[PDB]
Amino acid sequence: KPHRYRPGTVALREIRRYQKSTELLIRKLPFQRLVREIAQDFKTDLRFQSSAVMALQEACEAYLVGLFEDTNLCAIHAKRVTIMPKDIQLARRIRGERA
Amino acid sequence: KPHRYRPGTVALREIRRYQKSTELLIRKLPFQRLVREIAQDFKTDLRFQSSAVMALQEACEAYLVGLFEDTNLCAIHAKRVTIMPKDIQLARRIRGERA
Amino acid sequence: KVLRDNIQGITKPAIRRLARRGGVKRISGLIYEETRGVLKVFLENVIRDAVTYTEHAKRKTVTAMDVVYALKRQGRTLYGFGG
Amino acid sequence: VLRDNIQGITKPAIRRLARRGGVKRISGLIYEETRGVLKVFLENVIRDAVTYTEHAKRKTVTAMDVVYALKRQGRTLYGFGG
Amino acid sequence: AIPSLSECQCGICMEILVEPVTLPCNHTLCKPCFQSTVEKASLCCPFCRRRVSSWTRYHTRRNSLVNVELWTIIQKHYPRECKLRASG
Amino acid sequence: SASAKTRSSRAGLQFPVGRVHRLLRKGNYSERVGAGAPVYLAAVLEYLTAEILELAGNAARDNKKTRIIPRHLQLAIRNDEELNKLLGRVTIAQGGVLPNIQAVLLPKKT
Amino acid sequence: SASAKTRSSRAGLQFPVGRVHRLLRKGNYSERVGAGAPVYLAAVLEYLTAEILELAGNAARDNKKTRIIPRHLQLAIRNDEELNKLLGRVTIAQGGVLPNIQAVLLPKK
Amino acid sequence: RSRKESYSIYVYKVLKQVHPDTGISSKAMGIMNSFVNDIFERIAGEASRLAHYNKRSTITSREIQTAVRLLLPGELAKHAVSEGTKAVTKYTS
Amino acid sequence: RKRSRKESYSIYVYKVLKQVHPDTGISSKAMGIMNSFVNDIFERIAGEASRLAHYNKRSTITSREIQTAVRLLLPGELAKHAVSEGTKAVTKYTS
DNA sequence: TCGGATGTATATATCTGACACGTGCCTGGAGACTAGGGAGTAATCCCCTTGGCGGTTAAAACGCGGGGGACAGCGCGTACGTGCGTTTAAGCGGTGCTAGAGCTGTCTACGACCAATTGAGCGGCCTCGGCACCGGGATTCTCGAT
DNA sequence: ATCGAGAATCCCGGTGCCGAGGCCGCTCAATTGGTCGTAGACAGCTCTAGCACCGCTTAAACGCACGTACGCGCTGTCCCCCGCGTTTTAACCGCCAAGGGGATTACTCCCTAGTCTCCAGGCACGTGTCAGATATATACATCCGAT
Ligand SMILES: [Zn+2]
Ligand SMILES: [Zn+2]
């Protein structure tokens, strides 16, 4: 009889765990590699200082957290608890960046 | 046999009629009176240029038209065709005008 | 010259016409109260901005140019009234 | 030359970010869309930042230009200068 | 009605049509010549002076300015003569 | 161009250059204004105005009218997305909206 | 008050005034700057800074810490109403987010 | 009285240069006047901020170039910078 | 060689913090955030005053310019308190 | 599937007022010359950013059981679109009053500008404690068993 | 309802370490003073549009009755993320290297601010006239109860 939690309770525990915490979420090296991807795409032979990519990560995660707040609101609107594509497209339009 | 349209067809007709047309939609005298109410609530004995009232009313119709686009698609997100208040509060919340 | 509850002056058919321009068919019966409320809040915001512009210039009448300035300050820039 | 790096935004990273947003259940289609919107946001921000840097005849970008690019997008940020 | 190479000469540079692009005025010109007459000029059609700048943006966002049917016809009828201009 | 004519004609533009230079100098943007900035800015304005005017003229002609009205400007701005992206937050007096209805809102084919 | 001292002290303030006056002048906002405008601006800046630091200090004390960190500033800005309305849009680095769970999402028997 | 300063005649001239047949109403003329003023303010403010960022004190041509690149979206910005540089070169020579 | 001069509002924020909470320290990151906040608010108020002065064809940024800009920019109670304390400060300075 | 019923697109007279064009001038724009300082350009230096191992290991991928939740369908009883008669208050017109917006001229207290000056504030170093963290113990939700 | 086992969490203590804060050096930016050209305050004058009123027409709102679309709740089904256990890999920490370009200074020049004179492009003003609003008469697309 192994211990087995019901689905969602540990998810809520780590709701609290990652809201009371402040550390960065996206793994640093792949993220800065993706930033270098975009940079060399737009203009070749570009160099980055650490503070620049750290600020980029700050803004990126803030944007994603806000978008996820909005998508959670949208999902709650449809009497659902599982976020879905259409929630994301609705939020992305409604904030005004796609129209 | 009295003639009665099925519920909805004239609604679409007048949707098209109002979308293709660009006349003013709110009677100017009640809007002017309400604007004067707000003004006298702010400061007493103000005077209104007719162009100023026109600008207020144009801004108001722009705001309501945008908000109604947004709340209509928010309502149809929930598999509905009737816009109820919760659509409006959610749309304003996710737009960010009420926090 | 005080006035009474002219927010009712924004009559039900006005909200209906605005919603029809908004691409809707079916309107909930109690949509009108919060539509009036949001209209009202938008109004005291814009009127506050215009009135404080007017106050700044020793003027006792608000001009349309002040109104469009105020709308521009709210991220709602408007064209067709000068400037 | 390196490519196909959008997958660097891993599964549990997206789960943790959405979870910080108060989301419990995430459908399997969410992650590719999050990658896409993140890619678009990076494209915009990097475009503005590299424009700023190329203007100043600097071939290395700085956090100051990054925060300027954020500000120009109406996305001002605190904690790196300005 | 398939025109000969003389009509296949671009009306400006007197060279053949390579990657043809068709404006709404049915006027066609080569892509190097098209670029030279839009980015280095007043954004006017080289023949009737019409400005299709809006059309230019509209069909360059999707990179669909090229008229594929005419290019296929030309490469079917002049494959080697078009390959002559490929080298530089 | 060594022509000793007005700067608008000397530069081939059609918007004024002296007016723009004065506004830049008196608009309090910098203590010094480069000589090439006003003509460049006038050229940019000329491009944008030409684009919008030709779009509005096409819209009006498609509407069988010979005079651009604010509705035509609204239609030209919204129908294109590039300008609409440039002019997302602006509103036009007596502009109206694009005629469109969401596909779900359309009636069922019975 | 007429005094021969720093203008900040004469105004009874701690923010610089001559520096603020210079940034009004050399910042290219107008060719002439009024004499009392920098004093007013310094007073407003001190008021806002004092209020935000007071809220941050209260939050830090509630967190058993005697030092201000970006998390405390983020909590102070978000929890306040009008400070939120002023700074609701902007994001603070290393600030986390408010502990907020939707009521519907809360567990049920 | 006082003199009023506007771009009405220039907009009319450009319209006739593009559309030699169609006219324009007064309200649309005011729309375009406000539009020109708005873009003027946007680009000028962006250029001033950008010059201040690099500690310069003069709006050269490249300042307006970068401002137009930032403000206008990509492809419109491309055509704008293209014929703006063309016009500057024409003015110089 | 010698390093350039880097302006910051660290000491003034420290002074006001000691005036409010005499025993509370502050970290470097929070100090930088506070400096950036001061810079942002200063830029907003100064820019609003600059446009306002240009609006009425004026040429001077007077105290009334800043007062009206503050009334425009801050929310109600914050604007009222800021206006009151700024009026107190300016009248003390001029007296 | 279909034949009335109805709103919509289309063609023609008409007439009108906003739109397009001639005018004078004047006030802002153009041209010539001067001055001085902002910016470019050479050099250089040293801060830091890219590239590179290499051991560890926390976290990511993968598999699997399953139970919560998405979703389709049924049914209803409500809420709202539709249409018509009523009433009401907007919209237009015309007139009359004048407070205040706009313009002019005058005088001056405010503020730009330059030389001298000295201390406020920032750069660099040193230091003592506030919190990070490991380790342990009591507490505390959470799930199954009735 | 209940009670008990089991992971997870709050609380308490010792160790330590680097960084927040204080002190010294000193360089340059704020201070003070005086002067002078002037934007602005103020007084005065004009006359425009804003305000207020009247009366008339009728467009629109309003209220009621009604029939029907559907919002919501319930039920059942299935399917697919969640939680957990196992395995692997690249993130990561620490160290090391090279060079390259960001940043700094010093010099020179040429590019724009300023001044003045002169002059015509645009604008406030006045005037003709047809593009488009308005009404009436048509045909046509589309709807809906009924076949
Ligand atoms: Zn060619
Ligand atoms: Zn052509």
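Values quoted throughout were computed directly from the atomic coordinates according to the rules given, and no laboratory measurement underlies them. Note: ideal-geometry Cβ built from the backbone for every residue, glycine included; neighbour counts use all protein chains shown.
Observations on the model:
- Scoring G:31-38, A:47-54, E:45-52 by mean Cβ neighbours within 10 Å over their residues and listing the highest first yields G:31-38, A:47-54, E:45-52.
- For chain E, calculated [θ]222 nm from helices alone, where every DSSP H run of n ≥ 4 adds -39500 (n - 2.57): -10000 deg cm²/dmol
- Averaged over the residues of G:17-24, the number of partner chain Cβ atoms lying within 10 Å of the residue Cβ comes to 2.
- Mean Cβ count within 10 Å, highest first, over the residues of peptides I:1-11, A:4-14, G:16-26: G:16-26, A:4-14, I:1-11
- Tail weight of P(r) past 18 Å, computed on alpha-carbon pairs of region B:9-95, percent: 59
- Counting DSSP beta bridges with both ends in the protein assembly as shown, the antiparallel % (nearest 5): 15
- Span-rule helices in chain G, defined as complete DSSP H runs reaching 27 Å or more along the axis (Cα) with Kyte mean at least -1.0: G:37-62
- Cα gyration tensor category, rounded, prolate or oblate, for the protein assembly as shown with a/c compared to 1.5: rounded
- Members of A:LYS43/E:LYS40; A:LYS86/G:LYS85; C:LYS40/G:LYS85; G:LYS85/I:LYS18; A:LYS43/I:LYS29 lying beyond 21 Å, as alpha-carbon distances in this model show: A:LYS43/E:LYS40; A:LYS86/G:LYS85; G:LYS85/I:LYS18; A:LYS43/I:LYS29
- Other copies of A:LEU24: label-to-label distances in nm, shortest first, labels 7 Å along the beta-carbon direction: 5.6
- Helix-only mean residue ellipticity at 222 nm for chain A, each DSSP H run of n ≥ 4 adding -39500 (n - 2.57), per residue, nearest 500: -22000 deg cm²/dmol
- Simple label model, 7 Å out from Cα along Cβ direction - F:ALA35 to D:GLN73, nm: 4.0
- For region F:12-94: rounded, prolate or oblate by the Cα gyration tensor [a/c cutoff 1.5]: prolate
- Helical segments meeting 27 Å axial Cα length and Kyte-Doolittle -0.5 threshold in chain D (DSSP H): D:30-55
- Per-q log10 I(q)/I(0), chain I, q = 0.10, 0.25 Å⁻¹ (Debye; single scatterer per alpha-carbon; no solvent): -0.39, -1.25
- Across peptide A:5-16, the average count of Cβ atoms from other chains found within 10 Å of a residue's Cβ is 3.
- Extending 7 Å from the Cα toward the beta-carbon at both G:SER1 and D:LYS57 defines two label points whose distance is 4.9 nm.
- Computed on chain B, with alpha-carbon pairs under 8 angstrom and 6+ residues apart, the relative contact order is 15 percent.
- Axis of helix I:63-73 versus longest Cα principal axis of chain I: the two differ by about 80°, to the nearest ten degrees.
- Shielding by partners for peptide F:59-72, expressed as the average number of C-beta atoms from other protein chains within 10 Å of each residue's C-beta, is 4.
- Within chain D, helix-based [θ] at 222 nm, where runs of 4 or more DSSP H residues each add -39,500 (n - 2.57), nearest 500: -18500 deg cm²/dmol
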